[PDB]
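Structure at a glance
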4 protein chains.
Amino acid sequence: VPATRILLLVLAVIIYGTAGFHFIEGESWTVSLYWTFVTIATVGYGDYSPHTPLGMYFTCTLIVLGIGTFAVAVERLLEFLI
Amino acid sequence: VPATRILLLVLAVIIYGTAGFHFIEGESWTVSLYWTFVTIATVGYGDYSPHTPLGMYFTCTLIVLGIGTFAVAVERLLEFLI
Amino acid sequence: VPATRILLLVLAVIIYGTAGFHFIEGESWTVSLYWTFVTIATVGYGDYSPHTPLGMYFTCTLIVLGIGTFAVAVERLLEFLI
Amino acid sequence: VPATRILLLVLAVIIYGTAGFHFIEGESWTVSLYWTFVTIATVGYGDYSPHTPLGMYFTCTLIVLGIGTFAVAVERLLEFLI
Ligand SMILES: [K+]
Ligand SMILES: [K+]
Ligand SMILES: [K+]
Ligand SMILES: [K+]
């Protein structure tokens, strides 16, 4: 699958996660972007997490749509620097 | 392995994790479902976690039965949206 | 690699992690076993973590020796139930 | 890819992560090395995490550059002890 397509897909995931957390959980755009990366990479520090039922549902959706996409993106990126 | 079979398997994991956490740790059904996804995806925020020995044992079982199943499910889902 | 050999390897990792955490960080055997699974599975709730320099070094060693071993063990287990 | 090259790459990631956390977030060299492993392995206990915008940005960079590199390094190490 073309590396550039995978890039657009992960970017779309990042936008989805970031806007969602910002609007549902009320954290700043910067914190929301950070939380999105920490979540889809499966790091999960837990310094930020959803505190509402809608936020919990949303986070589950992001986990399902985002973890795989991020994993493929990382691996494709490996190919280019390595 | 047929994607729909993997779907049923991950659904069964999700039911197992959610009912187990709800009954053993006493959190709500919604929190327990959320915790199940957060656990089997290996995110592990830690906003929720078991506080009893039985809950700890149970969580180890869920980790072993669930992490692989979820990974395969994510990868199969990748195939279909992509 | 024979599935049973992988089983022995992950059991050895679990023993190493559990005894190490118990003796270095002073948590109970049960908590230490749970923490070991939570760590080598990469869940990392953070309800338990090392608070000493030796514990931090030890945890890095467990991460390096344990995460791959657990990953291979999970995948092999998948094959037998699936 | 030669295992020793992968070794150098992960060592470089570890240096990057450790110095970055130490200087941006102000934690000790030891805590910063520990946090780097905990992050690039995707464990993410959350006992340590960035509390500044620059730290958050930096952590996202380390996640992208480090998680893949660490995964390949673990897998190569598997080959040699096994
Ligand atoms: K993880
Ligand atoms: K994690
Ligand atoms: K975590
Ligand atoms: K955590």
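Residues numbered from 1 in each chain as written, not as in the entry; some residues may be left out. Chains lettered and ligands numbered in written order. Heavy atoms only, no water.

As recorded in the PDB header, X-ray crystallography is the method behind this entry, and the stated resolution is 1.65 Å.

Per the PDB entry, the recorded name for chain A is Calcium-gated potassium channel mthK, and the organism is Methanothermobacter thermautotrophicus.

Following both chains from N to C, one finds helix α3 (residues 53–81) of chain A and helix α2 (residues 29–40) of chain B inclined at 20 degrees, their axes separated by 10 Å at the closest point. Viewed along their axes, α3 of chain A and α2 of chain B adopt a mutual orientation that is roughly parallel. The two elements α3 of chain A and α2 of chain B cross, and the hand of that crossing is left-handed. Across the interface between the two elements, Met 56, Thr 59, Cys 60, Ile 63 and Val 64 of chain A from α3 of chain A touch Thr 30, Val 31, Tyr 34, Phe 37 and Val 38 of chain B from α2 of chain B. Across the contact of α3 of chain A with α2 of chain B, the residue classes break down as eight nonpolar, two polar and no charged. (Axes fitted to C-alpha atoms, helices over the stretch in contact; angles between N-to-C directions. Helix = DSSP H or I, 4+ residues; strand = E, 2+ residues; numbered from the N terminus. Parallel < 35°, antiparallel > 145°, perpendicular 65-115°, else oblique. Left-handed = near helix turned anticlockwise from the far one by under 90°. Contact = heavy atoms within 4.5 Å. Nonpolar A, V, L, I, M, F, W, Y, C, P; charged D, E, K, R; others polar.)

Our next topic: the interface of chain D and chain A. At the junction of the two partners, chain D supplies 24 residues and chain A supplies 17 residues. In total, about 1,600 Å² of surface goes out of reach between chain D and chain A, with carbon and sulfur atoms giving 75% of it. Sorting the residues of chain D by area buried against chain A places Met 56, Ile 63 and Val 64 of chain D first, and these three jointly supply 30% of that buried surface. The interface formed by chain D and chain A contains zero salt bridges. There are two residue pairs in polar contact connecting chain D and chain A. If you list the elements that add at least two residues to the side of chain D that touches chain A, you get α1 (3–25), α2 (29–40) and α3 (53–81) of chain D. Of all the elements, α3 of chain D adds the most residues to the side of chain D that touches chain A, at 10 residues. Partitioned by chemical class, the residues of the side of chain D that touches chain A number 15 nonpolar, eight polar and one charged. (Buried area = accessible area lost by both parts, 1.4 Å probe. Salt bridge = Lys/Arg side-chain N within 4 Å of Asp/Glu carboxyl O. Polar contact = N/O pair within 3.5 Å; in protein donor to acceptor, adjacent residues only side chain to side chain.)

For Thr 42 of chain C, which is not a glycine, the phi torsion comes out positive at approximately 70 degrees. Note that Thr 42 of chain C resides in the loop between α2 (29–40) and α3 (53–81).

On to the coordination of the potassium ion (ligand 3). Here the potassium ion (ligand 3) is held by the protein donor atoms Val 43 of chain A (O), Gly 44 of chain A (O), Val 43 of chain B (O), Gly 44 of chain B (O), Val 43 of chain C (O), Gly 44 of chain C (O), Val 43 of chain D (O) and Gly 44 of chain D (O), which lie 2.6 to 2.9 Å from it. In this structure, the potassium ion (ligand 3) lies 3.2 Å from the potassium ion (ligand 2), and both are coordinated by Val 43 of chain A. Taken together, the residues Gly 44 of chain B in the loop between α2 and α3 (53–81) and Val 43 of chain D in the loop between α2 and α3 connect one chain to another. By relative accessible area, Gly 44 of chain B is classed as buried at 0%. (Donors = N, O, S within 2.8 Å, 3.2 Å for Na, K, Ca; no water. Buried < 20%, exposed > 50% of the residue type's maximum accessible area, 1.4 Å probe, protein only.)

What follows is about the pattern of salt bridges. Opposite charge on two side chains permits them to pair, given that their charged atoms come into close proximity. Residues and elements named next belong to chain A. As enumerated under the stated definition, the model contains three salt bridges over all chains in all. One salt bridge in this structure joins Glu 75 and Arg 76, with 4.0 Å as the shortest N-O distance. Looking at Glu 75, the relative accessible area reads 44%, which means it is partly exposed.

This model, assessed by the stated rule, comprises 28 aromatic pairs over all chains. Consider the rings of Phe 37 of chain B and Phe 70 of chain B, whose centres lie 6.4 Å apart with planes at 90 degrees: the pair is edge-to-face. Remark: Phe 70 of chain B occurs in helix α3 and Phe 37 of chain B occurs in helix α2; sequence separation between them is 33 residues. Its relative accessible area of 6% is what places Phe 70 of chain B among the buried residues. Ring pairs connect the aromatic residues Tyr 16, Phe 21, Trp 35 and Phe 58 of chain A, which therefore count as one cluster. (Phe/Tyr/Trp six-rings, centres within 6.5 Å; stacked < 30°, edge-to-face > 60°.)

On to the UniProt feature "short sequence motif: Selectivity filter" in chain A, then. Per the UniProt record, "short sequence motif: Selectivity filter" is annotated on residues 42–47 of chain A. Taken end to end, residues 42–47 of chain A is 0% helix and 0% strand, and its first and last C-alpha atoms sit 14 Å apart. (UniProt positions renumbered as here; feature names shortened; annotations may be inferred.)

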